[PDB]
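>>> Next input, structure requested:
(5 chains)
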Amino acid sequence: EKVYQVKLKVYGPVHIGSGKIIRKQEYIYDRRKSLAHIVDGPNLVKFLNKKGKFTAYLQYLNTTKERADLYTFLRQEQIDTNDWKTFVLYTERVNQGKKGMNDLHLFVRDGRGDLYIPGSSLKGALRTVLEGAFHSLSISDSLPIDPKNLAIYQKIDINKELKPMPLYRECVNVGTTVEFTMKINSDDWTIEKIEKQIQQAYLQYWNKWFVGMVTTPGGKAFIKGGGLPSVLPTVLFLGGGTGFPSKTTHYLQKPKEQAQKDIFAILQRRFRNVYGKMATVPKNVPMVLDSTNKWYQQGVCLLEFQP
Amino acid sequence: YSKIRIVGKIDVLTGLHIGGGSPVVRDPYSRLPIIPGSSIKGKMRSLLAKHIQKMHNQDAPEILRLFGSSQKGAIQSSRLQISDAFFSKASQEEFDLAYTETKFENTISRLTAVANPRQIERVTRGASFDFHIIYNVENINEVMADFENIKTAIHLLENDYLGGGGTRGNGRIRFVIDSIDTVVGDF
Amino acid sequence: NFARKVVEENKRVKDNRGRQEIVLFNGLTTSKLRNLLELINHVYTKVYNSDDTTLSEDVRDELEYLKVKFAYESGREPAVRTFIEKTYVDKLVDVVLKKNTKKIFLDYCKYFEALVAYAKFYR
Amino acid sequence: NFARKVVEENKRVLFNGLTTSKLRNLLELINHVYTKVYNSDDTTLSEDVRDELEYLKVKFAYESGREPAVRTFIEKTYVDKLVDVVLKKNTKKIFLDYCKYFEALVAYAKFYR
RNA sequence: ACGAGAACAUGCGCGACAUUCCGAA
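Numbers count the residues shown, from 1 in each chain, chains lettered A, B, ... in the order given. Below is the structure:
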């Protein structure tokens, strides 16, 4: 059996959905320094009962049911920040492109409390990028990531022009490396063959779709900001919000100038209220696309293999 | 005829999942997840057979010698008895953090790209199960070789998964052997 | 149980564009309630593991978080708020806290499960 | 009897596609409550047995909601109404008769497969 | 002063042997 150690370098913010979403109640959002400290409910309730303010919290929630921010409540009560750091689970950085924290999708994490990315996401991405019963190619989960690195990145849509969205996806900070152990047999899947397939698929996905963004001024601004690293070469887009065209078997299967039309039809089917109204095929299909000045793209990850 | 007992720990490195009739297998008395001895024995037997047929009773002679054979006219008693691995009390106290967690998989289709979300209950990583195995010395001379095979199987089980969908990051385990002593006999 | 009448009152029928959806409320989605359902699932699994005749203090803290989540869900959608008003889940969690016993908590959990089961059946 | 008649009427696939795997949960609950009643020697169903029968009724409702075949089985066989009758009469003989009716129902359903 | 009187249907014997609730996302 061929065992390979796989290094994933998250050159871009990547957010894997954990199946749950939390509003401002579950975390404190400092707006002056723009930092989000994720907290758990029972410790917050215990501290509030200790200070005799749980009923005040209930009344505040009753008055601000739609928008109840824990940071604003703590500021109103003027209780010690040492207690804030005592009852909090862990702190994280906030990056916005424009705004308060309203609806955060949490990142997938294990039961203990550490964060990681599942191997099922890697399996699905690899299968959907290879096409265009996977029993031999077995992928395990990733090693835990340091919690301080994890942050909340903004989701920005570039319709020939960048525009941040109110939705927040709890992505992973750049420069973080995660590890995988993957077992393959030489009979069915070849490491060189699969990595060459991945890089070739990323290359054609770049040239038939991302070139259209490059020609438009929004893609030029994104390139000027450094969204695409110079290495971008095995590249994956594992997290959510990267976009439909990334690692699409339908793109690969159909020839250019025809695959884009089919992708446009698929997008019309999926988004009837947005893409369904659109009827003409643009130059690029689809047309949609940190505190540091350097820009990054959603889900960009670099692949390293060591057999 | 000597009974040698191998007692140790199986610590899960990923989400352990055995699909009890997506729930996981639990002991009714303690309501804690367990690793059935049948699952472990089947995994080791399959891995060792792959390392070394329609009826599943043909295999290779070492496999029937170790894990038993119901062959017509060649019924061989199983020298390996793999018992249910129960949730460790030390690991339970360490968690006392739920023992099991639910993982969500969108399972998006290819052509229509329509998600069909599903939930799978898997034991959290770092949990431990106390495992107990019995080896019966049917022939004194072969025991060494048998144990060699056993070691190989263990190695394979450490490189492979145990239960659930292991190709997606489930069932990865690690074996820590505490003691191997001849409980019955003079071996 | 007596949840039959509550679910019957809470059950409505929606129609639009020739499609007839049998859902109690517009916002009564299985996941929106399922968040609190899984919170109660964690609570009662902890209760099962503890196997104690009295409601544990840590269970009480997760339960207070459950009340916080109840107010959260009432704020999130008017449908969940009206469902909670009809079912009076707050009164049941209050009695569970006050009498502080495993049997009462189990009865309340069974009643809430009956509510969700009748809601699913009437769908 | 009545079970034979209802199973024959729903035979065409029985009860819109009902199998034993669909019913196994209800069968397990029913036989558990049956054994608990069997161990006790009383003409009236005890309070915990009454609560377990209420739980069995809500399990019937949950299984009807989950599956259409189970739902039409419950509707045609009057099993929930029979559970209500057993609760109202609170007699061990009536509960044993209901258990025998359910067992005959399952036996005939397996027979016509 | 009963076709009667004495006479264990009883001794030995594992419902047991092989079987991953798994592939797929």
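>>> For the rest of this, base every contact and every neighbour count on C-alpha atoms.
Noted.
>>> separation between residue A:69 and RNA strand E?
Per CA to the nearest atom of the strand, to the nearest Å, residue A:69 is found 36 Å from RNA strand E.
>>> so what's that residue up against?
Residues in contact with residue A:69 (CA atoms under 8 Å, 6 or more residues apart in numbering or on different chains) are A:24-25, A:27-29.
>>> and what of residue A:38?
A:26-28, A:88-92.
>>> hey, where'd the strands end up in the chain?
As the question left the chain open, I've gone with chain A. Remark: strands assigned in chain A by DSSP state E are A:2-9, A:17-23, A:27-30, A:35-38, A:90-94, A:103-107, A:138-139, A:151-158, A:162-169, A:177-184, A:235-237, A:300-306.
>>> not quite, I wanted chain C
Counting by DSSP E, the strands of chain C are C:14-16, C:19-21.
>>> With distance to residue D:82 added, can I get the strands of chain A in TSV?
Listed next are these as TSV, based on distance: least, CA to CA, whole Å:
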stretch	distance to residue D:82
strand A:2-9	61
strand A:17-23	41
strand A:27-30	52
strand A:35-38	52
strand A:90-94	56
strand A:103-107	48
strand A:138-139	52
strand A:151-158	57
strand A:162-169	53
strand A:177-184	57
strand A:235-237	58
strand A:300-306	62
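>>> Quick check: which of the ones you listed is nearest to residue D:8?
Smallest distance to residue D:8 across these (CA to CA): 46.0 Å, for strand A:17-23.
>>> relative orientation of the closest one and strand A:162-169 in degrees?
Here the directions of strand A:17-23 and strand A:162-169 differ by 90 degrees (axes from the mean of the first three to the mean of the last three CA atoms, to 10 degrees).
>>> Which residues of chain C lie near chain D?
Chain C comes close to chain D at residues C:1, C:110, C:114, C:117-118, C:120-123, as judged by CA under 8 Å from any CA of the partner chain.
>>> hang on, isn't residue A:302 packed against residue A:237?
No - Residue A:302 is beyond contact range of residue A:237, at 9.2 Å (criterion: CA atoms under 8 Å).
>>> So which of these two has more stuff around it?
Higher neighbour count among residue A:302 and residue A:237: residue A:237, with 23 against 19, using other CA atoms under 10 Å in any protein chain shown.
>>> Correct me if wrong: that one contacts residue A:297.
No - the criterion here is CA under 8 Å, and residue A:237 misses it with residue A:297 at 9.3 Å.
>>> can you tell me which of the strands of chain C comes nearest to RNA strand E?
RNA strand E lies closest to strand C:19-21 among these, at 27.2 Å (CA to the nearest atom of the strand).
>>> What is the most widely separated pair among the contacts of residue A:69?
Farthest pair in the contacts of residue A:69 (CA to CA) is A:25 and A:29. Separation: 9.7 Å.
>>> Mutual contacts of the two, please.
Common neighbours of residue A:25 and residue A:29 (CA under 8 Å, 6+ apart) are A:69-70.
>>> Spell out which residues of chain B are next to chain C.
Proximity of chain B to chain C (CA under 8 Å from any CA) is limited to residues B:30-32, B:98.
>>> Among those, the buried ones, what's the PyMOL command?
Buried residues within the residues of chain B next to chain C, by 16 or more other CA atoms under 10 Å in any protein chain shown, are selected in PyMOL with:
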select buried, chain B and resi 32
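>>> Quick check: end-to-end length of stretch A:262-277?
Terminal residues of stretch A:262-277 are spaced 16 Å apart (CA to CA, to the nearest Å).
>>> Same check on stretch B:51-68?
One end of stretch B:51-68 sits 17 Å from the other (CA to CA).
>>> Would you indicate which residues of it are buried?
Buried residues in stretch B:51-68, counting neighbours by 16+ other CA under 10 Å, are found at B:57, B:59, B:62-68.
>>> and if you look at stretch B:14-30?
B:14-19, B:23-26.
>>> what's the answer for stretch A:258-267, then?
Result for stretch A:258-267 [16+ other CA under 10 Å]: buried residues A:259-267.
>>> now swap in stretch A:136-144 and tell me
So, applying 16+ other CA under 10 Å, buried residues of stretch A:136-144: A:136-144.
>>> And stretch A:32-41, by the same measure?
Across stretch A:32-41, burial judged by 16+ other CA under 10 Å covers A:34-39, A:41.
>>> got those as a markdown table, with distance to residue A:247 columns?
Formatted as a markdown table, the buried residues of stretch A:32-41 follow (distance: CA to CA, whole Å):
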| residue | distance to residue A:247 |
| --- | --- |
| A:34 | 34 |
| A:35 | 33 |
| A:36 | 32 |
| A:37 | 34 |
| A:38 | 32 |
| A:39 | 35 |
| A:41 | 39 |
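>>> So which bits of chain C are right by chain B?
Those residues of chain C that sit near chain B, judged by CA under 8 Å from any CA, are C:42, C:46, C:48-49.
>>> just the buried members of the residues you listed?
Among the residues of chain C next to chain B, those buried by neighbour count (16+ other CA under 10 Å) are C:42, C:46.
>>> Contacts for stretch A:145-165, please.
A:13, A:36, A:90-98, A:114-116, A:166-173, A:176, A:178, A:213, A:216-219, A:241, A:287-290, A:298.
>>> For those, which ChimeraX command selects only the ones that are buried?
Applying 16+ other CA under 10 Å to the contacts of stretch A:145-165, the buried members can be selected in ChimeraX as follows:
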select /A:13,36,90,91,92,93,94,95,96,115,116,166,168,169,170,171,172,173,178,213,218,219,241,287,289,290,298
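>>> follow-up on the earlier one: out of the residues of chain B next to chain C, the closest to residue B:47 would be?
residue B:32 (27.5 Å).
>>> quick one: contacts of stretch A:74-90?
A:37-40, A:43-44, A:47, A:147-148.
>>> I meant stretch B:49-56, not that one.
By CA under 8 Å, 6+ apart, the list of residues contacting stretch B:49-56 reads B:59-60, B:63.
>>> Identify each buried residue in stretch A:234-251, please.
By neighbour count on 16+ other CA under 10 Å, the buried set for stretch A:234-251 is A:234-239, A:241-242, A:244-251.
>>> Which residues are in contact with the closest residue to chain B within chain C?
Relative to chain B, the nearest point of chain C is residue C:49 (6.5 Å; CA to the nearest CA). Residue C:49 makes contacts with B:30-32, as judged by CA under 8 Å, 6+ apart.
>>> quick one, phi psi at the residue in chain A sticking out farthest from the centre?
Relative to the centre of chain A, the most outlying C-alpha is that of residue A:52, 39.0 Å out, by CA atoms, centre = their mean. For residue A:52, the backbone dihedrals are phi 60, psi 40 (criterion: degrees, to the nearest 10).
>>> which residues of chain A fall in helices?
Assigned by DSSP state H, chain A shows helices spanning A:41-50, A:54-63, A:70-77, A:81-87, A:119-130, A:191-205, A:211-215, A:217-225, A:249-253, A:259-270.
>>> do the first one and chain B meet?
No - using CA under 8 Å from any CA, no contact is recorded between helix A:41-50 and chain B, whose separation bottoms out at 12.8 Å.
>>> Please work out how many residues are found near the residue of the stretch 101-250 of chain A found nearest chain C.
Distances between the stretch 101-250 of chain A and chain C by CA to the nearest CA are smallest at residue A:103, namely 11.3 Å. Neighbour count for residue A:103, taken as other CA under 10 Å: 16.
>>> Excluding chain neighbours, give the residue nearest to it in space.
Distances taken as CA to CA, 6 or more residues apart in numbering or on different chains put residue A:23 closest to residue A:103, at 4.5 Å, once the chain neighbours are dropped.
>>> residues in contact with residue B:142?
By CA under 8 Å, 6+ apart, residue B:142 has no neighbours at all.
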